[PDB]
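A.B. asks: The structure under discussion is supplied below as structure tokens; questions concerning it will follow.
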Amino acid sequence: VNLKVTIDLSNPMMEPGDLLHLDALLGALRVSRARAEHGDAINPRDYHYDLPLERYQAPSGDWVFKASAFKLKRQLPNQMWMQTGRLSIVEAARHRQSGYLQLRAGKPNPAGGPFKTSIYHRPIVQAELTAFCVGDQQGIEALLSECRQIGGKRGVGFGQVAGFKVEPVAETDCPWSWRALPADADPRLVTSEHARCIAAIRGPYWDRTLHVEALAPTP
Amino acid sequence: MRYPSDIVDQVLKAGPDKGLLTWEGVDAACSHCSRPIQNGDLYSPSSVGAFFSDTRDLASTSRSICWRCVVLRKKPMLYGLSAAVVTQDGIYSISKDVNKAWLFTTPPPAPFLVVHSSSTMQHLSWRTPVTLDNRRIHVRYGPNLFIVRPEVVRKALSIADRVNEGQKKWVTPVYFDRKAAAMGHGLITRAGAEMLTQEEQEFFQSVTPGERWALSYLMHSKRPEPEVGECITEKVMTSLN
Amino acid sequence: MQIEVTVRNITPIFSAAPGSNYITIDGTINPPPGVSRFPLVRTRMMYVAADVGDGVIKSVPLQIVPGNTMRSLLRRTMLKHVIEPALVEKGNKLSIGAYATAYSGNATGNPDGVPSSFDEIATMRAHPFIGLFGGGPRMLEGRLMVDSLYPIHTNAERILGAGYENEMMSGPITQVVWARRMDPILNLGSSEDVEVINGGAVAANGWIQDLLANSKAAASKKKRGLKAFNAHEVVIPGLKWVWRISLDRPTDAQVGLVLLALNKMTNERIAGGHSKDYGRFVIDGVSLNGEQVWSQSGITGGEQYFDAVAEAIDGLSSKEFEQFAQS
Amino acid sequence: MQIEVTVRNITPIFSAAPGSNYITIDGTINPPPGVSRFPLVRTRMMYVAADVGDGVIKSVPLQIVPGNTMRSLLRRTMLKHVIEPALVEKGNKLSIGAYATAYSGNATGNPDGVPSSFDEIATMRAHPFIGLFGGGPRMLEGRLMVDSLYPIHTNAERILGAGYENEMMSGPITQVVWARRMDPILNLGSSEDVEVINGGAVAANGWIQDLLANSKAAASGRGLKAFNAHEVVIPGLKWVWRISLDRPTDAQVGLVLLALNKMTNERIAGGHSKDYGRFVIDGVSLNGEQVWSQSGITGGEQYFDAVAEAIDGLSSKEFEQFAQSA
Amino acid sequence: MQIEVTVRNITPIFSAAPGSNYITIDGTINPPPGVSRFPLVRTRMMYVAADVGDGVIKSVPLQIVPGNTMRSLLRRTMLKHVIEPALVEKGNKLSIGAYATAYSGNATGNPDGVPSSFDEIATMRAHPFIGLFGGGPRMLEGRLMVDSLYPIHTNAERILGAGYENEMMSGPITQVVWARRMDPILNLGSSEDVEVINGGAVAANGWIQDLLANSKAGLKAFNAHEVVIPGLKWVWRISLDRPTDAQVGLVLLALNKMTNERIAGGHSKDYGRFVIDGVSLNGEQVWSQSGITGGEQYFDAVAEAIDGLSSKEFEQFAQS
Amino acid sequence: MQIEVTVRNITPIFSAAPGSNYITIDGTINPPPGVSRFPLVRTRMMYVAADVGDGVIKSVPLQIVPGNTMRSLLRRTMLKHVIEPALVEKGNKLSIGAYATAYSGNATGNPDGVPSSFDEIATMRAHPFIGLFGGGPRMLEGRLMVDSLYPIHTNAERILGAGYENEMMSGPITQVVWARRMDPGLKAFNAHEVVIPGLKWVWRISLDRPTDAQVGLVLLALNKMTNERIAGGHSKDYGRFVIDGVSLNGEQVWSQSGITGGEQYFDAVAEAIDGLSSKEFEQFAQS
Amino acid sequence: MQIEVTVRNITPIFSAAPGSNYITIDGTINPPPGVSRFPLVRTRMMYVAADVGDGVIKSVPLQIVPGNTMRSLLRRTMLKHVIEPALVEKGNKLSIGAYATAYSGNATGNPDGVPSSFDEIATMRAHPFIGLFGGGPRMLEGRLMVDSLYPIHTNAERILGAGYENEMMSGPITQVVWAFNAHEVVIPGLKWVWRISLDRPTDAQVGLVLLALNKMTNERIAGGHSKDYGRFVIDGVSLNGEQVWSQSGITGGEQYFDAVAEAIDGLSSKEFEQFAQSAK
RNA sequence: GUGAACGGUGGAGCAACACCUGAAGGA
Ligand SMILES: [Zn+2]
């Protein structure tokens, strides 16, 4: 069908450090609905490939979904967001004195331990997201209607989506090659933006055990 | 080098330690380097100290560390690779600003590893992917994993130089932070807004954090010319052994 | 599941922001160099999109309370007002690792990653408390979702689509409050005032002489002292905020636990500034899936949730937390 | 613990606000440039969200006493009249650093990187006095929280919900006052009153010639005679004050009750020479129940016994060990 | 150490409030433009919270005497009636700067922000006169707190503690008084009179010509002023924090001859005349028809204190 | 030093009061406007607190002659019959500006802002005439204190604290009198309120650190002033009064012939008059 | 200068007072009940503080003749008997405005607010007549003071007690007459005292006053001329405390008579025109 | 199985000391 999906979100979201792939989001939604259907004790990897999307085939296996990575249109300048974590000394003191906490050390060790305080900073952006993919429409629209957030740090509440739209586009106006592709991919799909790197082309993109040499563009 | 730990196999010379174990049965990956441990390989059970806190960066829950990963965990070279670039011909230091300019403007043509430390002593070497192309550099800076394209850096530097022509005192169009933690990071100053077109503003807004962090070191008045880094591989070798 | 809590604050809200800011004696902030300036600490502020009266979007700041602070405060309230009394009543005692995992969600037990099984993963995600916040060395996913605290303001129109046509604040909602630190020794005025120090007049005179010597050293080096003068920005008290909570396919016990935590949540303080009694608030309304459940004396309704949470709280033991922390 | 105390001032309340303002002679504040103006000092003010009209809600200015000032005043009241008498009656005395830490909450203003032990923290947070006010080196947290002083005014309707639906005032609350500080010499005209002055007439005429010299120089340090103004709060108002404690020891709440019971003969904020800040306590409520009478507290027997027992066992080792660093 | 002075005034009391005000022939003040408008000055006024409706409290005016004015009156009575004899008869003479610091807080326009050692602070605070008034280059604290003078009026029910429910008065307690100024030359009316002054009749005619010229293109005047009616009760509150017996004795000594002086305002018509009726000291009335009965300890202490008074403390106080 | 002059009026006394009021033909307090209303000139009135009822004090009205009028009468009589003879016999010649300064206080408005010196201030405070009234371009303070003339009435008991326990009038002390200027403006019917004659009034005067010459001159002035009208009404010859008693510092001195005592003051002012120079007033009023 | 003349009436004296008063068949005045009310007219009255009850002071009524009417009577008798025949002789007519100014003070109802020159004031205050009675457009102040006519009664002791310890009457001095228009009058055969004062007068002015006093006896005081009320005779004129009255006239103070003879010998109408003229 | 998943910017400290709006005005 060669269609395109656009997403607008009211709440600013996390800025991804790597490419965010549409098929990954669809697989996460499929896993969520499978958990809702077949109970909680379910293997995540048995259902995450069952998506209404076509598959490209490299000359030697390495099949990847047609869906491409998300493109960003910035509405506001990027802003740094700071968070930190620490454990309260006073409450632990009271509990240890009351016997509710079994601890024998005299004072927290300055070299490290449970009571060490940490701080970190991450970018935050508010944008318009666009993606191109080839596949059925009704399943895609149902899955997207199931979703409620997008991006990282979803527990804190970032990246609440305002709306989405899916519309068919002409075959010449649906670039899905802006993606992670196998090394032996056809040079017609490969552009000058693609570069050789160790990354994941399929499934969970955060699993380092499945990373392989491939061609990917910078986000 | 498919996996990072390959450095200790090739860049420097070392062998398996004495007192390790042997693996049998189904293979598992090193919990640090994410490299499979096959039958007959030297490995050690995971016995990290109480000060370890990088559980989020662990690649596997097998609680086994291959001998190359074990050598990577050694303290003596932890402070020897605080700011370094590792290539097949050895290691070099990027602490100096000119070294960073050389790396981010005229990078070496071989696969390498780029590590920069944001503290006195932390584990960085075993959790950074090894790059295979010079157009897309991977740099590990503390808890951050940045992707830097030298051509974009060169374009931004050329634009800054072009806009700074015709003035008596150098002024930075955009404020950048070496620590990369302030709220003003990646924000355009009023002068840059006044003397750059909107296309320049959009280009400066749409760069990944690695480009901003790299530009912060060299996009200043005292412009550093690129200069080759210092070879320190022999000092690391004599310190470790 | 969707819970919306509308609250009103009685005292100014102060959430420290990490930056270096200076202010003058008068209102103007961030002066150019060349004039006397004092350090300043401002509240947390976020830039958001605004579409009012027209179709073009403008970037506008808005003062908010971070959602991480609210989540941690809710966790602390749930632990202190529910879990600890029941665990003490049963007599069960927690280990250091279990305590750290329950209160901080840290993975500083077995430092290395903990392999798990789907049976045990399902059992802990079915737990009334462990499944809500997850965490631990296993890094279990959390069933509880917490949003930030959003004041009902015009700048916040993008965040809230409709239903608040009234009670909308306009204009600034922040003000600067000053503070000076004095020197108690300089207030001494008689021998009876100094009859409590080791030595009478002589020690106090030596303190004066040391202070004046330090003053001359400062006036010569640049050409410690107790007294100081600083300022800090706070959000004006009295205004109204909205808070959003959700759960992903929750059991009745967890919902009852959240309701009880809210009922005891009215006692706690939102943010820092305890000495100045900042963060005080009252609950004005609670909506559960679009239905108002809040009343004068508490939450009237949700009987099955209360019975479920009572049945759950009648069976907590520390061994579950221990086996969850250590695997 | 949530004690609520309602008081009433019988002299004007003044609390200076940093900055500078100018007032014209007729009484407009911050007049446009080009008209004569005199320096003015304004009292402390906070903006509170309130309903102006029926439904539209805006920020309105209010007159209040900072909670920092009230907390410090409570500390000094409870410390000067109870801790010091029961302390100096024995041979116990404090160091200079101990005194500074007890009064100002700190010794030198420099924190220590080394933390303290759990047992020390749990012992200090149970002390009758140290547990109320944390601080010093290696700063700790006390279990006392002090709020500002709010007059019972319609602008503060949203801050305080019920219990005061009546006796709520409205309209202007502040008033401006002036002062001159004339020069005594210009008031001297009689020779029998200048016999004290060394030199007498010659010295007086020398000073007058100095004054004309100063006036000539200025038009081309400051004159004794001037004219200034400042703003105060009218007397007779009703104020409400709220103090809270979390999980307190009975001795601590007893000490708070003692300080409240002897809170009289005190000046709240400022204007000590002009007798500003005199007040009378006319209401105290303990968790919603009134525990005040015209004679005194007449309540909290368990708290009073506990605080008496605690002060009988008070000593100076704890203060010295808390104030000391390294 | 609380002192409550109950006084009565025999003449109108006039304290000039700052600000321009206008009056017409009737009682309307600050009229709409176009009415016959003449300058006016009014008595000092303060706003107080009152139960006018006994159900609602609001801000209402009340005529008072400022606290600073009566503080200065007390200081001047204390100084010119006690200190001057003690210095002159002992041969001790005072310098101009220390005199100004005695009369005024400082001898210079701008104070110096430099602290003083604690022993100096204690010594100067122990001083009988300098202790009460802390005005100095280092801004020393004083031991004396003075209040404004209040009438016994129902507007100030919430201010007065208790026991005044019987003698308290109501109604307006102020009046407007008119006055005019005329040119003497217009009232000569005799030849010998004009010849007495230089020039004579031709001089008078020339001055009338000058008056005509001034009128075409000036001592006649007419203006009013607002005063407080005589014969009403006033209350004064004074307090001292941890004072020595000498300071209390000095305060009582200055109070014992207080009645002679005039309250500030309206000297030329004898306005500030008043009679002291009672003096309560911590709840005990110690005023007689001629002075204070009791308190002999403070009297003896201050009598010892005045002996040995020296000017050395003044020059060691007010220098730089 | 309290000088007390107890006087009585032989004729009814009346003082002009600012403002205009109307009155009916017979009384009719608070009538509807437009009913036989005729213009009325009201005498000067002053409020005073009185013990009208047990435990209550009310602000009642009373009739006085203001202190400024009597101070001006003092100055005019004193400058008429004392200094003028010395000016005519010695051969002095005051200037017009000096004369105006002597009679009506300041010579002109807008006084010089700059002060002059302590020496001339001391000289003018030591002057017999300048010191008592002051004035001048430098706003020089006076030595005199003049109080208004108060009738001895039961209402003013709170003003007359001690003494005068008898001869306290009780009834109203005023009366409304009618007059028509018919054609022999012209043909006008009017009313006016006037104090009744034959009642006792008291005058209080004070001075601060007064010299003997000034006291003697003031005492000469009262004797000269016995023959004068306190308030306006020269055509009606209103204000004829007789001085009954004079108490000096609380002790009585008046007799039928005059004051009995103070010859020291009299001779002191007599020698003070000798040597009087017109230069004092010339330099004093010059700016 | 301080002339005090006593007089005696031979007919009742009536001086109607504005107001409304009622009588009931002569029995009572202003009864609380509205029964048998009749209208009554009262003579002019004056409250005076007097000693009643032997120790306390009270206000008591006293029947007088107002000083305004006496001053007008003096002006008219002096203007008709003395000034008018001297003026009309040898020509010297007056204008209508000057006539009105001489008889009633001002000539119009509105005075100009302008002042007058010093020379005009000096010359007018020296005129034998204009200096006595002031007035005019610019409101000149005269030097003649006329008191009211007081009966020598025990009620007026605080006014004139020292002079007349004896020869003071007591009791009511008023009688009500029906002719049904009822009014009250002062009974005849009574002794009154009249006080007149001048300040810094010339001898001509005192002479003119004495001349007017000589011819005054043929005039009438207040009263209703139709009912022949108000006749009186003059005796006991005392000048500055000295008795200068005889049965045939004054016969004393000859300097005043010579001065007034010289002054009225040379009177002219130019001064009247200058005084009456209004420079508006 | 969103390069997901886990993480509270927190504790403590007084704005204030000293200061007169008044000198001279009606018959
Ligand atoms: Zn490895």
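Each chain in the structure tokens gets a letter, A, B, ..., in the order shown, and its residues are numbered from 1; ligands are numbered from 1 in order too.
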Mind checking which residues fall within 10 Å of residue 158 of chain F, counting only C-alpha atoms (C1' of nucleotides), ignoring those fewer than 4 positions away in the same chain, and posting them as a list in words?
C.D. replies: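 Neighbouring residues, sequence-local ones excluded: residues 8, 9, 10, 230, 231 and 232 of chain E; 48, 49, 50, 51, 154 and 162 of chain F.
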A.B. asks: Write the residues of the selection above to a file with C-alpha atoms, as a PDB file, in the first residue's frame.
C.D. replies:
```
ATOM      1  CA  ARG E   8      -5.278  65.203  80.203  1.00  0.00           C
ATOM      2  CA  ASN E   9      -4.738  68.282  78.047  1.00  0.00           C
ATOM      3  CA  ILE E  10      -6.083  71.764  78.785  1.00  0.00           C
ATOM      4  CA  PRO E 230      -9.185  70.098  74.858  1.00  0.00           C
ATOM      5  CA  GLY E 231     -10.332  68.110  77.858  1.00  0.00           C
ATOM      6  CA  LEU E 232     -10.007  64.437  76.917  1.00  0.00           C
TER       7      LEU E 232
ATOM      8  CA  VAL F  48     -14.860  71.028  74.547  1.00  0.00           C
ATOM      9  CA  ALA F  49     -15.385  67.736  76.359  1.00  0.00           C
ATOM     10  CA  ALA F  50     -17.846  67.973  79.234  1.00  0.00           C
ATOM     11  CA  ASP F  51     -19.288  65.707  81.927  1.00  0.00           C
ATOM     12  CA  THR F 154     -19.819  74.754  84.239  1.00  0.00           C
ATOM     13  CA  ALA F 162      -8.482  74.185  90.155  1.00  0.00           C
TER      14      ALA F 162
END
```
A.B. asks: Using only C-alpha atoms (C1' of nucleotides), find each residue of chain E with at least one atom at most 6 Å away from an atom of chain H; report its shortest atom-to-atom pair and that distance in Å (one decimal), sort the rows by chain and rising residue number, and return the result as a Markdown table.
C.D. replies:
```
| residue | atom | partner | partner_atom | distance |
| --- | --- | --- | --- | --- |
| E:69 | CA | H:20 | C1' | 4.3 |
| E:72 | CA | H:20 | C1' | 5.6 |
| E:105 | CA | H:18 | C1' | 5.2 |
| E:135 | CA | H:18 | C1' | 4.6 |
| E:139 | CA | H:17 | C1' | 4.9 |
| E:180 | CA | H:26 | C1' | 5.3 |
| E:181 | CA | H:25 | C1' | 5.1 |
```
A.B. asks: What are the closest atom pairs, with distances in Å to one decimal, for all residues of chain B lying within 12 Å of ligand 1? Consider only C-alpha atoms and all ligand atoms, order rows by chain and residue number, and present the result as CSV.
C.D. replies:
```
residue,atom,partner,partner_atom_place_in_ligand_line,distance
B:2,CA,ligand 1,1 (Zn),10.8
B:3,CA,ligand 1,1 (Zn),7.3
B:4,CA,ligand 1,1 (Zn),7.4
B:5,CA,ligand 1,1 (Zn),5.7
B:6,CA,ligand 1,1 (Zn),8.7
B:7,CA,ligand 1,1 (Zn),10.9
B:8,CA,ligand 1,1 (Zn),10.8
B:9,CA,ligand 1,1 (Zn),11.6
B:28,CA,ligand 1,1 (Zn),10.5
B:29,CA,ligand 1,1 (Zn),7.1
B:30,CA,ligand 1,1 (Zn),4.4
B:31,CA,ligand 1,1 (Zn),6.5
B:32,CA,ligand 1,1 (Zn),4.9
B:33,CA,ligand 1,1 (Zn),2.8
B:34,CA,ligand 1,1 (Zn),5.1
B:35,CA,ligand 1,1 (Zn),4.9
B:36,CA,ligand 1,1 (Zn),7.8
B:37,CA,ligand 1,1 (Zn),8.7
B:42,CA,ligand 1,1 (Zn),11.6
B:43,CA,ligand 1,1 (Zn),10.0
B:44,CA,ligand 1,1 (Zn),11.4
B:58,CA,ligand 1,1 (Zn),10.4
B:59,CA,ligand 1,1 (Zn),9.2
B:60,CA,ligand 1,1 (Zn),10.2
B:62,CA,ligand 1,1 (Zn),11.8
B:63,CA,ligand 1,1 (Zn),11.6
B:64,CA,ligand 1,1 (Zn),9.3
B:65,CA,ligand 1,1 (Zn),6.6
B:66,CA,ligand 1,1 (Zn),5.8
B:67,CA,ligand 1,1 (Zn),8.0
B:68,CA,ligand 1,1 (Zn),6.4
B:69,CA,ligand 1,1 (Zn),4.6
B:70,CA,ligand 1,1 (Zn),8.2
B:71,CA,ligand 1,1 (Zn),9.8
B:72,CA,ligand 1,1 (Zn),8.5
B:73,CA,ligand 1,1 (Zn),10.2
B:125,CA,ligand 1,1 (Zn),10.3
B:126,CA,ligand 1,1 (Zn),6.8
B:127,CA,ligand 1,1 (Zn),9.0
B:128,CA,ligand 1,1 (Zn),11.0
B:129,CA,ligand 1,1 (Zn),11.4
```
A.B. asks: Determine which residues of segment 7-234 of chain B DSSP labels as helix (DSSP H, G or I) from the backbone of this structure, then write them out as an NGL selection string.
C.D. replies: :B and (7-10 or 67-72 or 97-105 or 125-127 or 150-164 or 190-195 or 198-205 or 209-218 or 233-234)
A.B. asks: Going by DSSP on the backbone, which bits of segment 249-294 of chain E are strand (DSSP E or B)? Write them as a PyMOL selection string, please.
C.D. replies: chain E and resi 274-281+284-285+287+292
A.B. asks: Write out, as CSV, each residue of chain A that has an atom at most 9 Å from chain D, together with the closest pair of atoms and their distance in Å to one decimal, counting only C-alpha atoms, rows going by chain and rising number.
C.D. replies:
```
residue,atom,partner,partner_atom,distance
A:89,CA,D:118,CA,7.9
A:90,CA,D:121,CA,7.3
A:92,CA,D:118,CA,8.1
A:93,CA,D:118,CA,5.1
A:94,CA,D:122,CA,6.2
A:96,CA,D:118,CA,8.0
A:97,CA,D:122,CA,7.2
A:106,CA,D:117,CA,5.9
A:107,CA,D:117,CA,4.8
A:108,CA,D:115,CA,7.9
A:110,CA,D:114,CA,8.2
```
A.B. asks: Those same residues, written as a PDB file, in the first residue's frame with N, CA and C atoms?
C.D. replies:
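This is the output file out-v4.pdb:
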```
ATOM      1  N   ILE A  89      19.030   8.912  54.351  1.00  0.00           N
ATOM      2  CA  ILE A  89      19.817   8.482  55.501  1.00  0.00           C
ATOM      3  C   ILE A  89      18.968   8.422  56.766  1.00  0.00           C
ATOM      4  N   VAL A  90      18.060   9.382  56.948  1.00  0.00           N
ATOM      5  CA  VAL A  90      17.355   9.526  58.221  1.00  0.00           C
ATOM      6  C   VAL A  90      16.392   8.365  58.449  1.00  0.00           C
ATOM      7  N   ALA A  92      16.434   5.357  57.097  1.00  0.00           N
ATOM      8  CA  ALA A  92      17.231   4.163  57.348  1.00  0.00           C
ATOM      9  C   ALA A  92      17.782   4.166  58.767  1.00  0.00           C
ATOM     10  N   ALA A  93      18.196   5.336  59.260  1.00  0.00           N
ATOM     11  CA  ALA A  93      18.666   5.444  60.637  1.00  0.00           C
ATOM     12  C   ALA A  93      17.583   5.038  61.626  1.00  0.00           C
ATOM     13  N   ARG A  94      16.377   5.580  61.455  1.00  0.00           N
ATOM     14  CA  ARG A  94      15.286   5.267  62.372  1.00  0.00           C
ATOM     15  C   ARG A  94      14.934   3.786  62.318  1.00  0.00           C
ATOM     16  N   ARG A  96      16.859   1.260  61.368  1.00  0.00           N
ATOM     17  CA  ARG A  96      17.945   0.471  61.940  1.00  0.00           C
ATOM     18  C   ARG A  96      17.931   0.537  63.461  1.00  0.00           C
ATOM     19  N   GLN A  97      17.655   1.718  64.022  1.00  0.00           N
ATOM     20  CA  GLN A  97      17.545   1.826  65.472  1.00  0.00           C
ATOM     21  C   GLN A  97      16.350   1.041  66.001  1.00  0.00           C
ATOM     22  N   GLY A 106      28.889   0.922  60.640  1.00  0.00           N
ATOM     23  CA  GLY A 106      28.756   2.131  61.437  1.00  0.00           C
ATOM     24  C   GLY A 106      28.227   3.312  60.647  1.00  0.00           C
ATOM     25  N   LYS A 107      28.751   3.521  59.443  1.00  0.00           N
ATOM     26  CA  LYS A 107      28.366   4.656  58.616  1.00  0.00           C
ATOM     27  C   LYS A 107      28.487   4.246  57.156  1.00  0.00           C
ATOM     28  N   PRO A 108      27.791   4.936  56.250  1.00  0.00           N
ATOM     29  CA  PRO A 108      27.911   4.607  54.823  1.00  0.00           C
ATOM     30  C   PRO A 108      29.350   4.726  54.342  1.00  0.00           C
ATOM     31  N   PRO A 110      32.207   5.768  52.040  1.00  0.00           N
ATOM     32  CA  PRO A 110      32.350   6.810  51.011  1.00  0.00           C
ATOM     33  C   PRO A 110      32.766   6.279  49.649  1.00  0.00           C
TER      34      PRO A 110
END
```
A.B. asks: Do you know which residues are at most 12 Å from residue 290 of chain E counting only C-alpha atoms (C1' of nucleotides), after dropping those on the same chain fewer than 4 positions away, and could you put them as a list in words?
C.D. replies: residues 255, 256, 257, 258, 259, 275, 276, 277, 278, 279 and 286 of chain E
A.B. asks: Those same residues, written as a PDB file, in the first residue's frame with N, CA and C atoms?
C.D. replies:
```
ATOM      1  N   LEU E 255      10.028  62.043  84.332  1.00  0.00           N
ATOM      2  CA  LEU E 255       8.570  62.064  84.352  1.00  0.00           C
ATOM      3  C   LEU E 255       8.040  62.975  85.453  1.00  0.00           C
ATOM      4  N   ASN E 256       8.787  63.109  86.552  1.00  0.00           N
ATOM      5  CA  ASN E 256       8.292  63.865  87.701  1.00  0.00           C
ATOM      6  C   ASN E 256       8.144  65.348  87.387  1.00  0.00           C
ATOM      7  N   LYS E 257       8.961  65.874  86.478  1.00  0.00           N
ATOM      8  CA  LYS E 257       8.855  67.257  86.036  1.00  0.00           C
ATOM      9  C   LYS E 257       8.344  67.364  84.605  1.00  0.00           C
ATOM     10  N   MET E 258       7.687  66.317  84.100  1.00  0.00           N
ATOM     11  CA  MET E 258       7.271  66.285  82.702  1.00  0.00           C
ATOM     12  C   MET E 258       6.195  67.320  82.399  1.00  0.00           C
ATOM     13  N   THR E 259       5.350  67.641  83.382  1.00  0.00           N
ATOM     14  CA  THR E 259       4.145  68.421  83.110  1.00  0.00           C
ATOM     15  C   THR E 259       4.458  69.828  82.617  1.00  0.00           C
ATOM     16  N   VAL E 275      -1.871  68.208  81.650  1.00  0.00           N
ATOM     17  CA  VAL E 275      -1.705  67.902  83.066  1.00  0.00           C
ATOM     18  C   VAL E 275      -1.656  66.389  83.231  1.00  0.00           C
ATOM     19  N   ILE E 276      -0.662  65.909  83.970  1.00  0.00           N
ATOM     20  CA  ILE E 276      -0.511  64.479  84.217  1.00  0.00           C
ATOM     21  C   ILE E 276      -1.450  64.069  85.340  1.00  0.00           C
ATOM     22  N   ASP E 277      -2.249  63.032  85.097  1.00  0.00           N
ATOM     23  CA  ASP E 277      -3.240  62.582  86.064  1.00  0.00           C
ATOM     24  C   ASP E 277      -2.850  61.315  86.806  1.00  0.00           C
ATOM     25  N   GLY E 278      -2.196  60.364  86.147  1.00  0.00           N
ATOM     26  CA  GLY E 278      -1.841  59.129  86.819  1.00  0.00           C
ATOM     27  C   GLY E 278      -0.664  58.443  86.167  1.00  0.00           C
ATOM     28  N   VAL E 279       0.059  57.673  86.978  1.00  0.00           N
ATOM     29  CA  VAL E 279       1.205  56.896  86.514  1.00  0.00           C
ATOM     30  C   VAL E 279       1.108  55.509  87.135  1.00  0.00           C
ATOM     31  N   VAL E 286       1.381  54.876  91.254  1.00  0.00           N
ATOM     32  CA  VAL E 286       2.404  55.448  92.120  1.00  0.00           C
ATOM     33  C   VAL E 286       2.506  56.952  91.901  1.00  0.00           C
TER      34      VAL E 286
END
```
A.B. asks: As an MDAnalysis selection string, please: the residues near residue 113 of chain G (cut-off 12 Å, only C-alpha atoms (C1' of nucleotides), same-chain neighbours under 5 positions excluded).
C.D. replies: chainID G and resid 136:139 278:280
A.B. asks: Hey, can you spit out that residue selection with N, CA, C and O atoms as a short mmCIF file (atom, residue, chain, number, x, y, z; two decimals), in the first residue's frame?
C.D. replies:
```
data_model
loop_
_atom_site.label_atom_id
_atom_site.label_comp_id
_atom_site.auth_asym_id
_atom_site.auth_seq_id
_atom_site.Cartn_x
_atom_site.Cartn_y
_atom_site.Cartn_z
N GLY G 136 -19.73 104.90 53.75
CA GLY G 136 -19.35 105.22 52.40
C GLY G 136 -19.14 103.98 51.55
O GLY G 136 -19.28 102.85 52.02
N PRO G 137 -18.80 104.18 50.28
CA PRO G 137 -18.57 103.03 49.39
C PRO G 137 -17.44 102.12 49.86
O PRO G 137 -17.52 100.91 49.66
N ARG G 138 -16.40 102.68 50.47
CA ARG G 138 -15.23 101.93 50.88
C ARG G 138 -15.24 101.58 52.37
O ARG G 138 -14.23 101.08 52.88
N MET G 139 -16.34 101.84 53.06
CA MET G 139 -16.55 101.41 54.45
C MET G 139 -15.48 101.99 55.38
O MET G 139 -14.69 101.27 55.98
N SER G 278 -18.48 106.96 44.38
CA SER G 278 -18.00 105.59 44.32
C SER G 278 -17.10 105.42 43.10
O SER G 278 -17.52 105.68 41.97
N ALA G 279 -15.86 104.99 43.33
CA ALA G 279 -14.89 104.79 42.26
C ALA G 279 -14.89 103.32 41.83
O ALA G 279 -13.90 102.60 41.96
N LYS G 280 -16.04 102.90 41.31
CA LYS G 280 -16.20 101.52 40.85
C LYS G 280 -15.70 101.37 39.42
O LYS G 280 -14.50 101.45 39.16
#
```
